[PDB]
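A.B. asks: Begin with these chain(s), straight out of the complex:
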Amino acid sequence: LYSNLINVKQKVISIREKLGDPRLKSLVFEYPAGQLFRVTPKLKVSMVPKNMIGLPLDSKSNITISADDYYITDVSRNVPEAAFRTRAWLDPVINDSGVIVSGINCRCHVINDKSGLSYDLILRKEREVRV
Amino acid sequence: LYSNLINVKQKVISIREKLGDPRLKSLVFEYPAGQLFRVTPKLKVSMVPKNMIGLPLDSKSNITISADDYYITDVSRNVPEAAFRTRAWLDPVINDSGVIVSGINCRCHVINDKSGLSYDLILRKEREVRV
Amino acid sequence: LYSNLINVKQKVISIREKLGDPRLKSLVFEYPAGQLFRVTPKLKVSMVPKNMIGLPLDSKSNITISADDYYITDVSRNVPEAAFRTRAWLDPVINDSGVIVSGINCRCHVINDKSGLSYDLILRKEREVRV
Amino acid sequence: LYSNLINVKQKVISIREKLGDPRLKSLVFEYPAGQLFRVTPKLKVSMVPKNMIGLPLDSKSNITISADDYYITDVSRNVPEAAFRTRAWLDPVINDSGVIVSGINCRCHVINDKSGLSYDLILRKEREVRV
């Protein structure tokens, strides 16, 4: 069916969090304009190693940076597609208010959507991060 | 035989649309001069990730673009070959008239025709799109 | 034996034409000086995708072209070797005379002869074609 | 569980040191500010071959160096993550004091953390080493 398949995939994946593994990271998005959208499972993510590159703002400049990216493997399709056009945060903290203080700032760099029941995406860290 | 094989392939593939998967996208072509040709199955398509490149209009210019392409896997051979020389639209909308208002503009970039009973093609998005 | 093997290979391959597949293309050569040599089987051929390159006449010029090539897989060794040094035509038309009007002009670019009983060759389209 | 799994992995790996193999090297870190953190198992490490490169301090200079790196395969996750942000020493010697005299100076270059129960890391030798 592909409709209940994504939801059952979320239910079966929710077993992974009951086992304490350190690869699990909390991902949040800001899909609506002002407030946040959180992925339900505390999914796992790997880190592709860094590469030393020029600035993406101006490539032919003295300022250079290291591009750091994260590889998120099992992320449900139930999340809105337009969420991927908005900045994402890995391990964020929410206060008493609706804002976030600390976390690791990332932007969706490349989408892999070959599997029909889950997305898989790589997201690049911002050049300036909070923590 | 290869004649009825393409038609039976269309009939068996028409099962995929009865199952609700999000990878299915509607493809239309404009093979005749003025009006449209629609592929029968609501086939699936993947997105190859973007690459930052110079302008194809003038390569050695300040203006740069991102080349975005789509990978259409199961497309029948029953479609006319000359349709591939005309612009294509992914998820288009047809009004009361014969024209299209909105959709994602693409052009056939590379043809893979190794299989004798279906085409497989990658089509590059236009630099300017409607939606 | 390798002598009757090529001829039996031609006989068994002649079954493929009795089945209507669209990958079959008629190849002709002009091996003797003035008249034509036609390969017996209506063999199949794939199209390797195009690449944008400079002119082979002068590489460091403003004029650029797209190199288009065809991959012919099952072609018998019974054809003369020296035929491969002459221009080839894919889907040609012969009139009442011995000349050809229309067809797709190609030249043998690379030979693969690893198999002892058939050639396999890739042939590059001419920069100027008839149809 | 993933909690006792890392500790049992340390216990089973502690068998490797009871067998005398020469690939085993002692790794120490300086995770707290001033004193040292030693990995429990005398784990094995391979040497990726050297490459001749420019200076990382100034790339477009006359001074060039050879980048030498070590590939540490089985290293437990029980070590603090922040230890990887501090210099590491391969085969170090500790005196009567808390300082180290001799050893091979290295810095964590790339982290591979695909396995959920062990890290695997490559660490680049410093340009100036003690021994």
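C.D. replies: Ah, there it is. Numbering: from 1, shown residues only, chains lettered A, B, ... in the order given.

A.B. asks: Any idea which residue of chain A lies closest to chain C?
C.D. replies: residue A:114 (20.9 Å; C-beta to the nearest C-beta). From N, CA and C alone the C-beta is placed, and that goes for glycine too.

A.B. asks: which residues sit in contact with that residue?
C.D. replies: Neighbouring residues of residue A:114 by C-beta atoms under 8 Å, 6 or more residues apart in numbering or on different chains: A:120, B:46.

A.B. asks: And it, which helix or strand is it part of?
C.D. replies: If you go by DSSP states H and E, residue A:114 is not part of any helix or strand.

A.B. asks: in the top strand by length along chain A, what counts as buried?
C.D. replies: Longest strand of chain A, by residue count under DSSP state E: strand A:64-76. Using 16 or more other C-beta atoms under 10 Å in any protein chain shown as the test for burial, strand A:64-76 gives A:68, A:69, A:70, A:71, A:72, A:74, A:75, A:76.

A.B. asks: so what does that strand touch, helix or strand wise?
C.D. replies: Using 3 or more C-beta pairs under 8 Å, 6 or more residues apart in numbering or on different chains; DSSP states H and E as the contact test, the elements touching strand A:64-76 are helix A:4-13, strand A:45-54, strand A:118-125.

A.B. asks: check whether whatever helix or strand comes next after it contacts chain D.
C.D. replies: Sequence-wise, the next helix or strand downstream of strand A:64-76 (DSSP H and E) is strand A:88-90. No. Strand A:88-90 is not in contact with chain D by C-beta under 8 Å from any C-beta of the partner chain; minimum separation 14.1 Å.

A.B. asks: same structure, new chain, call it chain E:
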Amino acid sequence: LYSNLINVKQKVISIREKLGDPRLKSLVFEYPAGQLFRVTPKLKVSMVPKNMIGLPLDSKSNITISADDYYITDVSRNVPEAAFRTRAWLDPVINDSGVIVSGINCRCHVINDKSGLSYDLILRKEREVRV
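C.D. replies: Okay, chain E now, added to the rest:
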């Protein structure tokens, strides 16, 4: 033993010539200073495709050439090693005298000697050939 193994390999390979295949080419060398050394089996050889390169005499010149090479697979180790330092001829003709009139001129470009009982070598055609 490796001594009789090469000779038995020559005897068993001598079956291939009794079967008429077109991949068989006669190779001769000029290992002694003035007269010729012929390999015993009429071994087979494939043609790696051509590449357009600058002149090896002067690389940064207007004169360019195409490097054409041949891949000789089954060649016995019984031939002297020093024969490979001398020019080789594919399909040569010997007259009534000890000289050769026609043939395809080649020089040993790269040696593959991984197998302990046969050589395998690629030999590059000379820029100027006889036929």
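
A.B. asks: Output the longest strand of chain A in PDB with nothing but the alpha carbons.
C.D. replies: What follows is strand A:64-76, C-alpha atoms only, in PDB (Å, rounded to 0.1, in the frame of the first residue of the first chain):
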ATOM      1  CA  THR A  64      38.600  29.200   3.000                       C
ATOM      2  CA  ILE A  65      36.500  26.800   5.100                       C
ATOM      3  CA  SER A  66      36.000  23.100   5.800                       C
ATOM      4  CA  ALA A  67      32.800  21.600   4.600                       C
ATOM      5  CA  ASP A  68      31.400  19.300   7.200                       C
ATOM      6  CA  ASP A  69      28.400  17.100   6.300                       C
ATOM      7  CA  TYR A  70      26.100  14.500   8.100                       C
ATOM      8  CA  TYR A  71      24.600  11.400   6.500                       C
ATOM      9  CA  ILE A  72      21.000  10.700   7.800                       C
ATOM     10  CA  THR A  73      20.000   7.300   6.600                       C
ATOM     11  CA  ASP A  74      16.600   6.300   8.000                       C
ATOM     12  CA  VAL A  75      14.200   9.300   7.900                       C
ATOM     13  CA  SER A  76      10.500   8.800   7.200                       C
END
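
A.B. asks: Neighbours of residue A:51, how many?
C.D. replies: Residue A:51 sits with 11 neighbouring residues when counted by other C-beta atoms under 10 Å in any protein chain shown.

A.B. asks: Apologies, that question was intended for residue A:11.
C.D. replies: Neighbours around residue A:11, by other C-beta under 10 Å: 12.

A.B. asks: could you also fit chain F onto it:
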Amino acid sequence: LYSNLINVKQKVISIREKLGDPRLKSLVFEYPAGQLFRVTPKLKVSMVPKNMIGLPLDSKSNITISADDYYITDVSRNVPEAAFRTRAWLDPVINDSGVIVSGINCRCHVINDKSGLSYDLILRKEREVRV
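C.D. replies: Chain F, in position alongside the others:
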């Protein structure tokens, strides 16, 4: 154990020399300062093909050379590690004295030590050789 394993590996490999194969080459080192260290087995070695490169003494000069390297596969770990920092000779001749007259001069270029019971190394020929 890994201690007797290297010695038994030397004993079992000493069978290879009792069979006459031409890939066996005698390797000697000069690990102590003045006299020689010979590897016990007459191990086999392959030749990686040559590459045309600039001078390693000055890269941006008119003088160019061909880098020739040898791939030594089965070499025991019982040899001292510091031997690899000294020049090596393939097929050397020892006179009545402790010096060597003729042989093929090589230097350890890259070490592969993934296997815990044998080294495997590639060693580059010197630009000037004796024979």
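
A.B. asks: Could you re-examine the buried residues of strand A:64-76 with chain F now present?
C.D. replies: Applying 16+ other C-beta under 10 Å to strand A:64-76 flags A:68, A:69, A:70, A:71, A:72, A:74, A:75, A:76 as buried.

A.B. asks: same thing with stretch A:108-117?
C.D. replies: Applying 16+ other C-beta under 10 Å to stretch A:108-117 flags A:108, A:110, A:111, A:112, A:113, A:116, A:117 as buried.

A.B. asks: Endpoints of that stretch, how far apart?
C.D. replies: Using C-alpha to C-alpha, to the nearest Å, the end-to-end distance of stretch A:108-117 comes to 19 Å.

A.B. asks: returning to that earlier point: okay, now the sheet partners of the longest strand of chain A, with direction.
C.D. replies: strand A:45-54 (antiparallel), strand A:118-125 (antiparallel) (DSSP bridges).

A.B. asks: so what's residue A:1 closest to, chain neighbours aside?
C.D. replies: Of all residues not flanking residue A:1 in the chain, residue B:19 sits nearest, at 6.1 Å (C-beta to C-beta, 6 or more residues apart in numbering or on different chains).

A.B. asks: My read is that the one you found contacts residue A:2, right?
C.D. replies: Yes. With contact defined as C-beta atoms under 8 Å, residue B:19 reaches residue A:2; the gap is 5.5 Å.

A.B. asks: ok now do the residue in chain A positioned nearest to chain E, which residues does it touch?
C.D. replies: Of all residues in chain A, the one sitting closest to chain E is residue A:60 (28.0 Å; C-beta to the nearest C-beta). Listed by C-beta under 8 Å, 6+ apart, the contact set of residue A:60 reads residue A:54.
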